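Cβ coordinates were reconstructed from backbone atoms using ideal geometry, including for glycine residues, and neighbour counts include every protein chain displayed. All of this is worked out from the model, or read from it or from the source named; no laboratory read-out is quoted.
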Amino acid sequence: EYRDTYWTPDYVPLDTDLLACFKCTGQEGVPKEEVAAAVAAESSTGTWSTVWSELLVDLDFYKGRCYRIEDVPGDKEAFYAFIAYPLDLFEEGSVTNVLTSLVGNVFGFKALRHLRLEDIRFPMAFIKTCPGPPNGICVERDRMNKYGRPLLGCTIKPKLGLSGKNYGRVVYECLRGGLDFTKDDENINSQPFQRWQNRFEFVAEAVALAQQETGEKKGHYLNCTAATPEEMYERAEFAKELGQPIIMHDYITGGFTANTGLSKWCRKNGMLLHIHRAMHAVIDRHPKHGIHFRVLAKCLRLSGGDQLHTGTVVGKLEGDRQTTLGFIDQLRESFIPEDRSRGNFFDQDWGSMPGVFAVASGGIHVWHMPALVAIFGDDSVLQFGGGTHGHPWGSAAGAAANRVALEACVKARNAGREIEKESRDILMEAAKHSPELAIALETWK
Amino acid sequence: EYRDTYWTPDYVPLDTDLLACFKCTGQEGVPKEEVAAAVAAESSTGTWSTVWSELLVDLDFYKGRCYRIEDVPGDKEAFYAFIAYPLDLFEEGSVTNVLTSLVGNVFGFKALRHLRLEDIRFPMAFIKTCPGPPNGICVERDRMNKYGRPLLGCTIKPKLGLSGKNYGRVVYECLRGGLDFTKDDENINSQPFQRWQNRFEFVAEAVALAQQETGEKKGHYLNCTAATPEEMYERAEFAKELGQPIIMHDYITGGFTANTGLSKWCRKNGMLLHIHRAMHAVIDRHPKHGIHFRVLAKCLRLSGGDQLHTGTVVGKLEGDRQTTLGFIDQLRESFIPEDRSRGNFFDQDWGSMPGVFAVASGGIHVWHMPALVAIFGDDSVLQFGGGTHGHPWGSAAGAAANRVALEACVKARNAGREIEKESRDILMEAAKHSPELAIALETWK
Amino acid sequence: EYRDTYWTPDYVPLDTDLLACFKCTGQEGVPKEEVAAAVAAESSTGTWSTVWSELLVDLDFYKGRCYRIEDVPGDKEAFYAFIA
Amino acid sequence: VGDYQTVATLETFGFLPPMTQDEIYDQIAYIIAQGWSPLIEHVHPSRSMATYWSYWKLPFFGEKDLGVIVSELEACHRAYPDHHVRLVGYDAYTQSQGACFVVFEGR
Amino acid sequence: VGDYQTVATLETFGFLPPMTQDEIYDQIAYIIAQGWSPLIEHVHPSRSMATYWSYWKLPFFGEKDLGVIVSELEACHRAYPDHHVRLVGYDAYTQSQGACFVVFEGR
């Protein structure tokens, strides 16, 4: 029994503590308080019998406190548990240390059928310790001089096979159509068919040419995720020398340590950082067990970064857009009030620490854009890899069609109109001056 | 009793000695010679009883000599004391060592009601040892190609809150109006709302744009005062790479060591150094105790630097402009004759070591400019933070109005006219071609 | 007058604020609240007349708050001022 | 069938035909409804790649009337009828441009 | 009300209207009274950003007459009536320019 020292019936968390929410399912017919206290201890302290060395350090002060067990709305065996953590249990600005101390060993205890990390309330102190995003939302907007509308990206299709020249010319064709950015594929950094130096050189040349032609500050997302941190820094500095204003990375596969180092280097060198969520589903695909994507989003925002992939939710699955908009709030706003429907179990304030852009990509094209604008607001980016490329008139025409669709949609939204219902009229009116938009809307009606 | 070995009734200082003036007030009814000798010893040597190790080194040669006690004109309890110092008691070009040896422990002796350091006569040798200002007055004028008139600056208001783009555009608006420079705020180096890299980049871009537009070599004061010397050097070299011709620093808060290192780096890299006197008042606000600002000005000039803040004296307090003009003389001229009214107690010669520009800022605007020109001469800079920004027509119009006011004032001064009396006619005649000047003079009549 | 925006009669400091104590002596016969607010502003913000650029950033949030004036035990002209 | 020629466009509504005056009214009304502030920028088209354009009279804070904004727009258009003229909404609380687009394009 | 347009000005009295001849007399008399030496510089306006302009005849040391200075000024103005022409007072003891301003501006 561990409730007596790791379950607190009347404790109130301190404003400097780290508060964690776990959706817990113990074995059948077990005390919920006991399993919650077991989880809390397994996060900090665990012994199989009487021990000696724990009397040389005050275990009372350096221990977690589960202070509230609430009944989950939908399952009476699953319950939300709120565990506190003294500030001293972590490193000053190490998201890696937070993950190690939170999920390092708790998932291995046999007395828990399922465990899911739901929400984390980071104290203001720990947030002020971490480097945070190198640029921020408003700073990125200033560096790109783009406002009024969300930004427009696209993944370079096919997933691989392109040489440096071919990849560069495809990126140029996508970019010259008014598209804001292009992202390299998450699994493509350096290949036998394509060495990264050639791709970076050709894509920098293409970006410069498109920037000169269209009269707009443009850029492409360059990937630095690689085998070693030395190679990552080398590629990042090579991109810096080539005048490219943004680079991209995979923080889960590369690592939280690598992501933090890359963000610090970007701040030290004045570079923008794009991030993709590769392998996030392996942690959040299961709706009952694992780690919710909001926790990963919080960790990435603390570790630094300017963009984070989300999908929207819509296009294939109407789903539960409430919690998606909730993590969007946690991505953009400095403070977010509690919202059980949005999956926000704590009053979380970020002080004046700049937020992170949201990335919506995958299974989307022109027909979805009004709802995407409505749900994601103006602080987001939309990527249409196949849609822009699969347009019969070419990638440039597809990008132009999506750009004018976005312009018309944001104009109608600024007009004070409910875009979701009359979206068909909006797209028809836009097509009255863009035949490529008309044929695109015809393709995927 | 220490007079017998630390009071010299007939000693004449050697031309290689360091001469210091202290305004001293001992306890009531104490020997003035005894307290002066106590101060002199407490600067070099102090023992509570008979000692042994002092017989292994000649204490006679390595000891200070107070050689003259003069009655202060205004208090008969306060007296001026002149203490000599053998050249060997200091480091070859360390103002830090001078301050440690002069005020390190003397201010803690109970036998002194008050102690104030008034004047220091630095020997020519010690001046030749120190690095000195990296550029100098004439060299700065050559590097800016600005002559005939004093230069015109302004602090960027508000004190903080600006992003990189906003700060840069405000600096550009101030600069394009003919303003010579702009100084960042002394307490603003790197903030959560504004990282220094973005501010430096945007302000460099704005300075380049304004320089291209107005057809004049311009610049902004960039601050490198930070937490560590490594960060200071990094920011200075970043400014050097961005083609910015001047950087600024706070020598008291940052430190004399940091100021000397920054000046040496500026000389080694061909950079101009601006300095603000933050926290100087905490040392000189009290008129009877502390260190007079002339001593700090001497120390900064020895440690290196191109500009030093002074106020003028006028605008709020008519005061005692005599001693202010005295320290101005000590800031500009190579030699200065003794002047008791100006607070110059020694015949101080700087050889051919270039002087330092004077900075007049705070509580000043267009109405004061004629008197400012009259008192500060042509080797000074005028800053109007609120006045230029608070002008209803904008910062550019206010800067242009101040520029044309300065031009008209220096023209009338060169005409052989007494500017102080007919200043109203001068400003009216200037307003006969500058309506912004007219409305400014209307605002603060 | 700067009390209206830099003297807070009923503000309670936030636990993330920086609190400073100043023993202040203004000129004779001056409002203690006014001089405390002047010190607080002179730490953050100071203008001699109406200004424009301060409307592009929220001066309300980025400003100090003197929230308590206490009488010094020993001098009635000197007073302790607590600025946030 | 057919190609899309590259066009020197003007930053978010550079693609669409020039906005009508009623659309300008709606845009400025939206800027008012968001608590932002109007600001007029004009610059020679040759220098479109610059970072800061030549600003008109200082941004109007507390101004909630469309007519004065339209009068200022037409006055600045007559001031430089060959420059590119755009209208920007400034947000003080976020230090960014809430919305911006070109109103008049030069000859 | 109204804006102040950016003007390509000419370095300390570039803003004021061109000086009258009596004002030139007063300026050169002041230069004489300060012990400085007159020096005439002319350069094409396209190269105003250069560091050294094309100097006229060598600086006149010991010259204390205004009329010869005016004659040299008008002669150099007629030499290059399309160049910017300025007058500079040189101080030997400080190795700086005591006073300098433009006299004739090019077409």
Subject >> Where a residue in the stretch D:61-76 is touching a residue at least 12 places away in the same chain (Cβ under 8 Å) and its partner, wherever it lies, is in a loop (DSSP other than H, G, I, E, B), with Cβ under 6 Å and at least six apart >> reply: D:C76/D:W56
**OP:** Would you check if there is a residue in the stretch B:200-214 being of a type outside the set (A, V, I, L, M, F, W, C), closer than 22 Å to C:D60 by Cα, free of Cβ contacts under 8 Å to residues at least 24 places away in the same chain and in the same structural domain as B:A408 (by CATH)?
**Re:** no
Original post:
When A:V314 is evaluated against the numbered criteria (1) closer than 28 Å to A:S263 by Cβ; (2) in a loop (DSSP other than H, G, I, E, B); (3) not aromatic (F, W, Y), which criterion, by number, is the only one it fails?
Top reply: (1)
**OP:** Given the conditions (1) on the phi < 0 side of the Ramachandran plot; (2) touching a residue at least 60 places away in the same chain (Cβ under 8 Å), report the number of the one that A:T310 does not fulfil.
**Re:** (2)
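One residue is enough: does the stretch A:299-310 have a residue meeting the conditions assigned to a loop (DSSP other than H, G, I, E, B), closer than 20 Å to A:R149 by Cβ and assigned by CATH to the domain that holds A:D184?
Restricting attention to the stretch A:299-310, the residues satisfying the condition of being assigned to a loop (DSSP other than H, G, I, E, B) are A:304-306, A:310.
With closer than 20 Å to A:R149 by Cβ added as a condition, the list becomes A:306, A:310.
Imposing the further condition that a residue be assigned by CATH to the domain that holds A:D184 reduces the set to A:306, A:310.
Scanning the stretch A:299-310, I find at least one residue that is assigned to a loop (DSSP other than H, G, I, E, B), closer than 20 Å to A:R149 by Cβ and assigned by CATH to the domain that holds A:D184, so the answer is yes.
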Subject >> Per-region count, the stretch A:206-227, residues polar (S, T, N, Q), surrounded by 16 or more Cβ atoms within 10 Å (Cβ to Cβ) and within 11 Å of chain D (Cβ to nearest Cβ) >> reply: 2
**OP:** All but one of (1) buried (at least 23 other Cβ atoms within 10 Å of the Cβ); (2) under 13 Å from A:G315 (Cβ atoms); (3) not hydrophobic (A, V, I, L, M, F, W, C) hold for A:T388, so report the exception by its number.
**Re:** (2)
Original post:
Quick one: A:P354 ticks every box in (1) part of a helix (DSSP H, G or I); (2) crowded, with 21+ Cβ neighbours inside 10 Å; (3) within 10 Å of another protein chain (Cβ to nearest Cβ) bar one, so which box is it?
Top reply: (1)
Subject >> Residue identified as within 30 Å of B:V170 (Cβ to Cβ), of a type in the set (S, T, Y) and either within 14 Å of chain B (Cβ to nearest Cβ) or touching a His at 6+ places or on another chain (Cβ under 8 Å) (or both) among C:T16, C:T25 >> reply: C:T16
Subject >> Matching entry among B:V359, B:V295 (being assigned to a strand (DSSP E or B), out of contact with any helix residue (DSSP H, G or I) (no Cβ under 6 Å at 6 or more places or on another chain) and in the same structural domain as B:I252 (by CATH)) >> reply: B:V359
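For every residue, the table says whether it meets (1) buried (at least 19 other Cβ atoms within 10 Å of the Cβ); (2) away from chain B (no Cβ under 14 Å); (3) not in a helix (DSSP H, G or I).
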site	(1), (2), (3)
A:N135	yes, no, yes
A:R141	yes, no, no
A:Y147	yes, no, yes
A:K159	no, yes, yes
A:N166	no, yes, no
A:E173	yes, yes, no
A:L179	yes, yes, yes
A:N189	yes, yes, yes
A:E201	no, yes, no
Subject >> Flag if B:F193 is of a type in the set (F, W, Y) and surrounded by fewer than 21 Cβ atoms within 10 Å (Cβ to Cβ) >> reply: yes
Original post:
Which is part of a loop (DSSP other than H, G, I, E, B) and either touching a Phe, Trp or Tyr at 6+ places or on another chain (Cβ under 8 Å) or in contact (Cβ under 8 Å) with a residue 24 or more places away in the chain (or both), of D:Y52, D:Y90?
Top reply: D:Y52
Original post:
Among (1) more than 29 Å from A:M124 (Cα to Cα); (2) in a loop (DSSP other than H, G, I, E, B), where does A:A278 come up short?
Top reply: (1)
**OP:** Using the structure shown, decide if A:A360 is buried (at least 22 other Cβ atoms within 10 Å of the Cβ), closer than 29 Å to A:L302 by Cα and touching a residue at least 12 places away in the same chain (Cβ under 8 Å).
**Re:** yes
**OP:** Note down all Cβ pairs under 8 Å where the first residue falls in the stretch E:24-41 and is touching a residue at least 12 places away in the same chain (Cβ under 8 Å), the second is of a type in the set (V, I, T) and part of a helix (DSSP H, G or I), and they're at least six residues apart or on different chains.
**Re:** E:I24/E:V70; E:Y25/E:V70; E:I28/E:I69; E:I28/E:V70; E:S37/E:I31; E:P38/E:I28; E:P38/E:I31; E:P38/E:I69
Subject >> the stretch E:64-87 - residue that is assigned to a loop (DSSP other than H, G, I, E, B) and not acidic (D, E) and, of those, surrounded by the most Cβ atoms within 10 Å (Cβ to Cβ) >> reply: E:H83
Subject >> Boolean, B:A401 is without any contact (Cβ under 8 Å) to a residue 40 or more places away in the chain, at negative phi, away from every other protein chain (no Cβ under 11 Å) and hydrophobic (A, V, I, L, M, F, W, C) >> reply: no
**OP:** Please find, within the stretch D:56-85, the residue that is nearest to B:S395 (Cα to Cα) out of those that are in contact with a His (Cβ under 8 Å, 6 or more places away or on another chain) and within 13 Å of another protein chain (Cβ to nearest Cβ).
**Re:** D:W56
Original post:
Taking A:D339 and the conditions (1) in contact (Cβ under 8 Å) with a residue 24 or more places away in the chain; (2) closer than 30 Å to A:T25 by Cα; (3) out of contact with any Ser or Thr (no Cβ under 6 Å at 6 or more places or on another chain), which numbered condition does it fall short on, given that it satisfies the others?
Top reply: (1)
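Looking for whichever is within 30 Å of A:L175 (Cβ to Cβ), assigned to a loop (DSSP other than H, G, I, E, B) and not aliphatic (A, V, I, L, M) here; the options are D:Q27, D:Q5. Which one fits?
After ruling out the rest, the residue left standing is D:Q5.
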Subject >> Residues of the stretch A:241-297 satisfying the condition of being touching a residue at least 24 places away in the same chain (Cβ under 8 Å), surrounded by fewer than 17 Cβ atoms within 10 Å (Cβ to Cβ), hydrophobic (A, V, I, L, M, F, W, C) and more than 28 Å from A:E205 (Cβ to Cβ) >> reply: A:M279
Subject >> Residues of the stretch B:421-445 satisfying the condition of being among the polar types (S, T, N, Q) and in contact (Cβ under 8 Å) with a residue 40 or more places away in the chain >> reply: B:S423, B:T443
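Every residue, every condition in (1) under 26 Å from A:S434 (Cα atoms); (2) acidic (D, E); (3) within 11 Å of chain A (Cβ to nearest Cβ), yes or no:
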residue: D:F15; (1), (2), (3): yes, no, yes
residue: D:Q27; (1), (2), (3): yes, no, yes
residue: D:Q34; (1), (2), (3): no, no, yes
residue: D:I40; (1), (2), (3): no, no, no
residue: D:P45; (1), (2), (3): yes, no, yes
residue: D:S48; (1), (2), (3): yes, no, yes
residue: D:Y52; (1), (2), (3): no, no, yes
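Residues checked against (1) assigned to a helix (DSSP H, G or I); (2) under 14 Å from C:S49 (Cβ atoms); (3) within 14 Å of chain C (Cβ to nearest Cβ); (4) within 28 Å of the chain's Cα centre (by Cα):
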position	(1), (2), (3), (4)
B:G386	yes, yes, yes, yes
B:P392	no, yes, yes, no
B:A405	yes, no, no, yes
B:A412	yes, no, no, no
B:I419	no, no, no, yes
B:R424	yes, no, no, no
B:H433	no, no, no, no
B:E442	yes, yes, yes, no
Subject >> Qualifying residue in the stretch A:256-265 (condition: within 14 Å of chain B (Cβ to nearest Cβ) and not polar (S, T, N, Q)) >> reply: yes
